[PDB]
Amino acid sequence: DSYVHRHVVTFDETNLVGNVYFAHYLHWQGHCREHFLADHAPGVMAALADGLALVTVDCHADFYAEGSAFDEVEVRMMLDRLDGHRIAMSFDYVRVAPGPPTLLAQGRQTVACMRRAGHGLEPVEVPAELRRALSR
Amino acid sequence: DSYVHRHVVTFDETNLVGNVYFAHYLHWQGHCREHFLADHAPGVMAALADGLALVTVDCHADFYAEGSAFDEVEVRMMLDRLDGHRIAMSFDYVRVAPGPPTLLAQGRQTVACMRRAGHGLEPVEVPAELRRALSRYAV
Amino acid sequence: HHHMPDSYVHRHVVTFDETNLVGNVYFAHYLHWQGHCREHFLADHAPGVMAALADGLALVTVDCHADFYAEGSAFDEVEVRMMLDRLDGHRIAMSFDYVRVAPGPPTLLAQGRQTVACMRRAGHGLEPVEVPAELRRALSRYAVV
Amino acid sequence: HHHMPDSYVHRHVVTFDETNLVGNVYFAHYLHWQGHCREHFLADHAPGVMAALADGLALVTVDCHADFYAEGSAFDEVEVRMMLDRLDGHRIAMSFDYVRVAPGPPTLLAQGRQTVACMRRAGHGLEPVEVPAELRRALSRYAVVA
Ligand SMILES: C/C=C/C=C/C=C/C=C/C=C/C=C/C(C)=O
């Protein structure tokens, strides 16, 4: 069961080599997790203004085949693990058009749920609405 | 005596055509105005963490010659006009290396000083430190 | 102003990486969106031109402009509405309305303009080429009004 | 004299366009900075390789990684400190410390890693090429030690 974020590669994501510059794959992880929040946990999205922080702990990408301008890429996100305050997600980046389905890359990211009164910020349980959305 | 912001073109600013993607020239206006504040208006720089915001009203670029990866570009900023709450700046983008000095592009931008209130962003006076810095260091 | 556009529409959802500490969309992103919009237009309405862009054709930006009216925020749905202003041998002048369509009422965030030249990479640098017929026809049919 | 090996230092000042509404540096910018750092390294220490990158040589990223420890802010002066982890054939593994050096006390913001492969454009694809001697030479001055 994966969450699909659809992304069309633009010229500004390419580079003189002719492929998608590597760092854009990490932005797409972000676009995907944020679109998930908006689609299935809007209350957590709203809570980000209040006092909830979703902080990136780490991220990773493995690159397999080159993406090009106008490629339609599915950024397929899965829950790898939820533990107290941390959420680990994994990502397949699959070109679905043009040509045959092609795995361009894979990735991983961990996010921590924090609350931040005073000066520092402290771990808080993954919110219920988010925990609920994540299981589906 | 324009204010000079030096920028080395990186691969992530290029594109498959082989040149600097046009929209990066606009980011460089931002980089240049921020570097200007750190150099010449550090009190204003501090107010930007304390509720002051520089809000873009308009911007413009004219492109003359292609930029490439590893080009050293001088983003040369000049003050065009100050009013109550607005600053108009102009920019020459000059490749200084490799090869001979080459005007790649020119640009313009108007910025407003704003503070965030209950309704949203509201106009405030340009701080005197910034008006003086621009009149002295970007003319 | 209107929910319904009369122009070519490129839909864009604002992401967190397009915001900045002020809390709005950083101004330079609006210029990227002109590029995203014109590329989406090619894929929708001039796919033969899209293919020529891998075969020596280049769209070179001559100039661009934006006027900013109201702030954009993360997760705003923005319509980047593109209209043909002028077609002149090898140059295309296009205008843009940036309309927030959600949340809240339709709001003009910004307007913009851009001139692009159709060029081919040659043994002289870049050389002007006439606007491809497919693109000229697509712009007259999909980006007028 | 220097027990710990030196690292290559790429200086980066955080700009507003690298921040986000949360108020910190958006995480994906740290990966761009690896790119900026490795390119600045080539311009400083392997300029012949830098020229070959306009002449058909390409550095192709195989993988990359970042661990985030403390928030970066607009106007922070960040040193992106690069070291060679290993050179394995046509592949180069580099590691990165991201250290805020101003304002305030030196602060480790993040660490990172990246593997790159040296390739050349053949047809419509790329093929492995040996790491150029100049680049091998330049990276070995910043080797991580056991
Ligand atoms: C099955 C997929 C589950 C995905 C869970 C996604 C969680 C994403 C959290 C995103 C947080 C983003 C935070 C900011 C500040 O950008």
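For the structure, see preceding data.
Quick summary incoming for the structure in this document.

### Details of the overall build of chain B
- Looking only at helices and strands, one finds three helices and six strands in chain B.
- Its helices and strands taken in sequence order, chain B reads β-α-α-β-β-β-β-β-α from the N to the C terminus.
- In summary, chain B has a C-alpha radius of gyration of 16 Å against a globular reference of 14 Å for 139 residues, a match within 12%.
- Each of the three principal axes of chain B carries a C-alpha extent, and together these read 45 × 30 × 25 Å.
- Split into buried and exposed, the 139 residues of chain B put 54% on the buried side.
- By sequence separation, contacts in chain B at least 24 residues apart represent 65% of the contacts at least 6 residues apart.
- Surface summary for chain B: the accessible area is close to 5,600 Å², and the carbon and sulfur share equals 50%.
- Between the averaged position of the 12 positive side-chain charges in chain B and that of its 18 negative side-chain charges there is a distance of 6 Å.

### Considerations on the site of the ligand
- Close contacts around the ligand come from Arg33, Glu34, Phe36, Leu54, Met77, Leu79, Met89 and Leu134 of chain A, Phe16 of chain C together with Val22 of chain D, and that covers them all.
- Here an oxygen atom of the ligand sits 3.2 Å away from a polar atom, N or O, in the side chain of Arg33 of chain A.
- Taking 490 Å² as the accessible area of the ligand by itself, protein coverage stands at 96%.
- When contributions to the shell around the ligand are tallied by element, the ones reaching two or more residues are α1 (24-40) and β3 (72-83) of chain A.

### Thoughts on the interface of chain C and chain B
- Facing the 26 residues of chain C at the interface are 27 residues of chain B.
- For the pairing of chain C and chain B, the buried interface totals around 2,200 Å² over both sides, and the portion due to carbon and sulfur atoms is 56%.
- Looking only at chain C, the three residues that lose the most surface to chain B are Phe27, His32 and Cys64 of chain C, adding up to 23% of its buried area.
- Linking chain C to chain B there are two salt bridges.
- Where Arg121 of chain C meets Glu66 of chain B, a salt bridge forms, and the shortest distance between an N and an O atom there is 2.7 Å.
- Inspection of the region where chain C meets chain B yields nine residue pairs in polar contact.

### Points about the nonpolar core
- Judged by nonpolar contacts, the single largest core of 92 residues is most densely connected at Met77, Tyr93 and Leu130 of chain B together with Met82, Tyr98 and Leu135 of chain C.
- Once you skip the residues sitting within four places of it in the chain, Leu135 of chain C turns out to touch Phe41, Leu42, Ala46, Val49 and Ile92 of chain C.
- Listed in part, the 77 residues of the second largest apolar core include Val126 of chain A, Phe16 of chain C together with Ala28 and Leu109 of chain D.

### Description of the packing of aromatic side chains
- Applying the stated rule across the entire model yields 34 aromatic pairs over all chains.
- An aromatic cluster of three or more residues is present, and its members are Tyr21, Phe22, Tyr25, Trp28, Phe63 and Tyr93 of chain A.

### Remarks on the pairing of strand β4 (residues 91-102) of chain D
Residue and element names in this part refer to chain D.
- Note that strand β3 (residues 77-88) and β4 share eleven bridges and pair antiparallel. Residue pairing for β4: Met82 is matched across the bridge by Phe96.
- Here β3 folds back onto β4, and the loop between the two strands holds two residues, one of which, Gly89, carries a positive phi near 80°.
- Bridge count for β4 against strand β5 (residues 107-121) is ten bridges, and the pairing is antiparallel. Within β5, the position partnered with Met94 by the bridge is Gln114.
- Counting the residues between successive antiparallel strands, the hairpin from β4 to β5 contains four residues, one of them, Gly104, with a positive phi of roughly 75°.

### Description of helix α2 (residues 42-50) of chain A
All names here are of chain A.
- Within α2, the full set of buried residues consists of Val44, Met45 and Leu48. In a view along the axis of α2, the buried residues occupy a sector of 110°, so they form one face of it. Projecting away from the buried face of α2 at angles above 90 degrees are the exposed residues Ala46, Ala49 and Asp50.

### Focus on the environment of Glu130 of chain C
All names here are of chain C.
- When you line up the elements, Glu130 lands in the loop between β6 (125-128) and α3 (133-142).
- Given a relative accessible area of 55%, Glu130 falls into the exposed group.
- Distance in space between the C-alpha atoms of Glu130 and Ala117 is 8.9 Å, their sequence separation being 13 residues.
- Contacts of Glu130, omitting those with residues within four sequence positions, involve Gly89 and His90.

### Regarding the interface of chain B and chain A
- The partner chain A presents nine residues to the nine residues of chain B that form the contact.
- Buried area between chain B and chain A, both sides added, is near 830 Å², and the carbon and sulfur share of it is 72%.
- On the chain B side of the contact with chain A, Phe11, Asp12 and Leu16 of chain B bury the most area, a combined 58% of that side's loss.
- Across the contact surface, chain B and chain A share zero salt bridges.
- At the surface where chain B touches chain A, the tally comes to four residue pairs in polar contact.
- Classifying every residue of the side of chain B that touches chain A by side-chain character gives five nonpolar, three polar and one charged.

### Notes on the state of the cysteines
- Per the stated rule, a full pass over the model turns up zero disulfides over all chains.
- Left without a disulfide partner, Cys32 of chain A is nearest to the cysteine sulfur of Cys59 of chain A, which lies 14 Å away.
- For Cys32 of chain A, a relative accessible area of 0% corresponds to the buried category.
- Between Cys64 of chain D, a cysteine without a disulfide, and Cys59 of chain A, which holds the nearest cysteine sulfur, the sulfur-to-sulfur distance is 6.5 Å.

### As for the pairing of β3 of chain D
- Summarising the sheet, strand β1 (residues 8-13) of chain D and β3 of chain D pair through six bridges and their orientation is antiparallel. Its bridge partner being in β3 of chain D, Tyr8 of chain D is matched across the sheet by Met82 of chain D.

### Thoughts on unusual backbone geometry
- A cis amide bond, omega -5°, links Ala97 of chain A with the succeeding residue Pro98 of chain A.
- When you line up the elements, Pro98 of chain A lands in the loop between β4 (86-97) and β5 (102-115).
- If you check the backbone angles, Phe75 of chain C has positive phi at about 70° while not being a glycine.
- Checked against the element boundaries, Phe75 of chain C lands in the loop between β2 (57-68) and β3 (77-88).
- Owing to a relative accessible area of 16%, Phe75 of chain C belongs among the buried residues under this scheme.
- Despite not being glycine, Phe75 of chain D has its phi angle at roughly 80°, a positive value.
- As for its placement among the helices and strands, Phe75 of chain D is situated in the loop between β2 (57-68) and β3.
- Classification of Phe75 of chain D as buried rests on a relative accessible area of 17%.

Cut-offs used in this document
Residues numbered from 1 in each chain as written, not as in the entry; some residues may be left out. Chains lettered and ligands numbered in written order. Heavy atoms only, no water. Residues with missing side-chain atoms left out of burial classes, pairs and counts. Helix = DSSP H or I, 4+ residues; strand = E, 2+ residues; numbered from the N terminus. Rg over C-alpha atoms; globule rule 2.2 N^0.38 Å. Buried < 20%, exposed > 50% of the residue type's maximum accessible area, 1.4 Å probe, protein only. Contact = heavy atoms within 4.5 Å. Areas by Shrake-Rupley, 256 points an atom, 1.4 Å probe, with all protein chains shown as cover. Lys, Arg positive; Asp, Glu negative; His and termini not counted. Charge placed at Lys NZ, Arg CZ, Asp CG, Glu CD. Near = heavy atom within 4 Å. Polar contact = N/O pair within 3.5 Å; in protein donor to acceptor, adjacent residues only side chain to side chain. Buried area = accessible area lost by both parts, 1.4 Å probe. Salt bridge = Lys/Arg side-chain N within 4 Å of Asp/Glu carboxyl O. Core = buried A, V, L, I, M, F, W, Y, C linked by side-chain atoms within 4.5 Å. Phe/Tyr/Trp six-rings, centres within 6.5 Å; stacked < 30°, edge-to-face > 60°. Pairing = 2+ DSSP bridges. Arc of directions from axis to C-beta. Nonpolar A, V, L, I, M, F, W, Y, C, P; charged D, E, K, R; others polar. Disulfide = S-S within 2.5 Å.

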